[PDB]
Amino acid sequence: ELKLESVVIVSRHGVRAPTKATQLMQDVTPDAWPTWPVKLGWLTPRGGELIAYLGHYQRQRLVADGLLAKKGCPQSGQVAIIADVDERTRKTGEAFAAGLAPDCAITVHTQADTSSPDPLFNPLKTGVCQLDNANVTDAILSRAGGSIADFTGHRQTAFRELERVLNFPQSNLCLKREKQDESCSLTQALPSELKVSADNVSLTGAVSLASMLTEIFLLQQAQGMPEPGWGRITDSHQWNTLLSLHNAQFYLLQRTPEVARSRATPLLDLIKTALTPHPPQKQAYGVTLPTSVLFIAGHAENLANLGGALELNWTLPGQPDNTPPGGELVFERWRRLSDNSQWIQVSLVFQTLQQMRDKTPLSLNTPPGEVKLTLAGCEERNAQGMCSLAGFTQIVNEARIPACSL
């Protein structure tokens, strides 16, 4: 009924070491954090291998869909790869290429200067545009339930789960509060406030600490470390409860449209240029678009920003992190044969946490998880839930912030 014409994959980088080692991380547990085999924030070898499995799976699926050849290397830019300048994203691009097309030496493009941020992955970071402080503050606080106190008050079960995994009551932070007649709870020992600036939004205290620590436990599990969370995380309900704190911070700071639309605008422009039929032309990064397959190696925020800007909602069965390492927002252009009309499908492809833990080789018979998505604002949908090309174009033009374009 339908023929696949084009695919754009926006991928988070693979498993990485923690990006920071702070004094507060030491003070909230009596135990020693496991050390990692690469520098802070770098991709691990295992993370690269997990990405290559997704590349291998995507080759098999795209061959089955008739888009790539079963044997040989894709020719003349049929496949293009763009990565953010960070080590972890560059090496994710290389790992994906190695799985998709081994020995084909597909180039991993970055911006010219790899020592400075690339605004494609967040235009606020180079000051292309700025957030509206009052609008962002009100929008985030409303999505939090009206205040950060309301937000943390409704999540005490998850904070107590994190405290148990940390053995928080025996930590230096708690032992000093016991000596000062103040009771030991993460949220009250580390009050959380929303900080909004022209170029960033963040949360302080327990909310951001919890978001980072629960991601570290997940990374430990995916890395195959023997005892993530000191062996105190023993079932799936516990994993889901812990990562709810991480996903909740992303819901506030990255999915909120008042942030997401600006942060996602350059990626929206690149996705639309890649998916829209037009005479091929070398554009950004020296990549010729449109082409058959474009893989973009970025960050968790990019997945969440695109989700918030485009009203794409999901949770990932079997994967506690809704923006997991190697997770892929996959945009596809399909041609309907009955009338040769053009349609856009979006899905979230991801390894389950168990597939990461077991280093499961992926294939058509053992596929990654996949969640089919719908653009909530699309008014022209086909029977398969895809948006018409014109409908998707209108949604993108409405969502994007022109001042944030490159």
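Note that residue numbering begins at 1 and tracks the sequence as displayed.
Next item on the list: Look over 8 to 16 and 385 to 393 in the entry and identify the one with the greater average Cα temperature factor.
Entry: Per the PDB entry, the higher value belongs to 385 to 393.
Check: Out of 42 to 50 and 23 to 31, which one has CA B-factors that are higher on average in the deposited record?
Finding: So the stretch with the higher mean C-alpha B-factor is 23 to 31.
Note to self: Just to confirm, going by the entry's C-alpha B-factors, which of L100, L270, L173, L218 comes out highest?
What the structure shows: Among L100, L270, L173, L218, the highest C-alpha B-factor in the entry belongs to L173.
Margin query: Looking at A134, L303, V259, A248, which one carries the largest C-alpha B-factor according to the PDB entry?
Written below: Comparing C-alpha B-factors across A134, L303, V259, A248, the top value belongs to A134.
Notebook entry, point to check: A83's Cα B-factor: lowest, middle or highest third of the chain?
Noted result: CA B-factor rank for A83: lowest third.
Notebook entry, point to check: Among the chain's modelled residues, which third holds the C-alpha B-factor of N340?
Noted result: CA B-factor rank for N340: highest third.
Notebook entry, point to check: Should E311 be placed in the lowest, middle or highest third of its chain by the C-alpha B factor in the entry?
Noted result: Its C-alpha B-factor belongs to the middle third of this chain's values.
Next item on the list: Sort the modelled residues of this chain by their C-alpha B factor and say whether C104 lands in the lowest, middle or highest third.
Entry: For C104, the deposited C-alpha B-factor lands in the highest third.
Checklist line | Modelled-residue ranking by C-alpha temperature factor, third containing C73 | finding: Highest third of the chain for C73's C-alpha B-factor.
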